[PDB]
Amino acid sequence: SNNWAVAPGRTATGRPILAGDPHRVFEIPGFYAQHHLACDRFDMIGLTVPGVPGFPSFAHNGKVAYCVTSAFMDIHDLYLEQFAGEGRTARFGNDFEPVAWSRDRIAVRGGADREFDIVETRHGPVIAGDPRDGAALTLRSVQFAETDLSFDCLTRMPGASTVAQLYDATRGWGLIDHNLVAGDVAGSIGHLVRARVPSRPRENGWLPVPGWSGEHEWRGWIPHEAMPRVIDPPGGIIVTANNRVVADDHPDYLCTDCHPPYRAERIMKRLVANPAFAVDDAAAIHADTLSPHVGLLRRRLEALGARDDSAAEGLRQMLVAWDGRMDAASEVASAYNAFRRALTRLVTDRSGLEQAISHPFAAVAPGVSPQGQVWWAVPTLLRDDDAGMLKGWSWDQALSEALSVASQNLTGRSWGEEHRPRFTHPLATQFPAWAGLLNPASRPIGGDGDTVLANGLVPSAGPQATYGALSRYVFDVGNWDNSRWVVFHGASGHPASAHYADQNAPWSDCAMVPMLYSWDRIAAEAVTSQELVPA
């Protein structure tokens, strides 16, 4: 997800501007829907989650605008438990205490019911391994451990009039960890880490840790007022894009794993270069396709030198010459993506990591993809020339083999056509004759998971985009009807509606449509109007 806020001293309007785009899998219908909801207490427009009241994360109320990216706070620990008692007891300190065991059942369409055990220790439920074998993994997560009052925030946030009032209204939010970026008509901008994080050692971030030793227990909660925040920074720019929120020498442990800083650095670069940032400038940032890896790739392929196989040498030459842009019109971007998928597969196979998921402790739905994880580590290993996992191969041997394999996988399609998402409705595989009706239409789009236009993929499956911006938005704080937004298919969840897939056209162009706030304009422009009346 990306977002950013630009202070009044650096905007064309002399008021704050906020903009961004959340990135999630393209499940259908889209997770976020556009709504405007007004009553005597508030008048709010933004994104809702169908099935949930209010505007948890993306909205303005005519005084404060706010939006989020996932903060990558570490809110989930895994504990390795020692069991005895045929799985009925678990060690804590030097005592084995009773574990809770119960039975439950699910029904499965077209198959037999499945009965199963639910086993719970002082840490949380067993999610992997068989306690009867003496060891299993339990999960202690902020999402489940203790009473959560995030829903009390949904009635408090609509009343906020300033960035600071909005952050006080978010006290107690713990369901999901967010970078909550806000701006207000008084001219302030801010970033709050809106999360509940337990106080415990940094070691818990690396691996499942011993549940019995007492050394890895949660010691209370990091207080609200200790969470990282900034309001009105002196450079007039805030950017978040799932990158490391604070340095690791911060006194509370908050994060081990987060995205690479590519997207934050590219947004920051574009904003530092524009100290008269206009509402119209947000779309060009949303659309940015420069890959951070072009320099590393070019250097390593040049040093590798000419290949014997003619098709591999053609591919090498095109990659050394590539401008690094994942533009929809680029055929060479597709060849880069095929090359990197082939390299990731070869490294995952040679290392033995493809088979790491054969272990019983891997069995946590939906499972880890070895290539999908190795994909993000390859740039570090290649930049450092660390060939420790290649069982005797050098990176040069891996790159050369990847040129050969990839040369047989070149379709020649522009990246927009190669990467075009196949939006799949949840019932399309059960009702295949209906897939043409159920699946919303898609257009060619560029980007990859490293670019600000973060249309990512599943590397073990192929190049098609599987996740990306579910919505894009820009808030013009204090000139609200100039704000804009879009979603990746449309307002309707009904496959037959004119509004099921109509916003895919602007979204695929990295354009937005008006986010209308004024009631007289809304009334004048309404296409349907309905009265909901007392019964």
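Note that residue numbering follows the sequence shown and begins at 1.
A.B. asks: So 283 to 291 or 359 to 367, which one's hotter by mean CA B-factor in the entry?
C.D. replies: The stretch with the larger mean CA B-factor is 359 to 367.
A.B. asks: So which stretch wins on mean C-alpha B-factor, 298 to 306 or 186 to 194?
C.D. replies: Averaging CA B-factors over each stretch, the winner is 298 to 306.
A.B. asks: For the CA B factor values reported in this entry, which option in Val458, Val332, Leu427, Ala402 has the top one?
C.D. replies: In this record, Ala402 carries the highest C-alpha B-factor of the candidates.
A.B. asks: In this PDB entry, which of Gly478, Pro506, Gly30, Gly51 has the top CA B-factor?
C.D. replies: It is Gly478.
A.B. asks: Lowest, middle or highest third: where is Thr528 by C-alpha B factor in its chain?
C.D. replies: Tercile = highest for this residue's CA B-factor.
A.B. asks: Pull the Cα B-factor of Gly85 out of the PDB entry and bin it into the chain's lowest, middle or highest third.
C.D. replies: It falls in the bottom third of the chain.
A.B. asks: Looking at the C-alpha B-factor of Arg383, is it in the lowest, middle or highest third of its chain?
C.D. replies: Tercile = highest for this residue's CA B-factor.
A.B. asks: Looking at the entry's B-factor column for C-alpha atoms only, identify whether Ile17 ranks in the lowest, middle or highest third of its chain.
C.D. replies: For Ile17, the deposited C-alpha B-factor lands in the lowest third.
A.B. asks: Where does the C-alpha B-factor of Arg413 rank in its chain, lowest, middle or highest third?
C.D. replies: Lowest third of the chain for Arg413's C-alpha B-factor.
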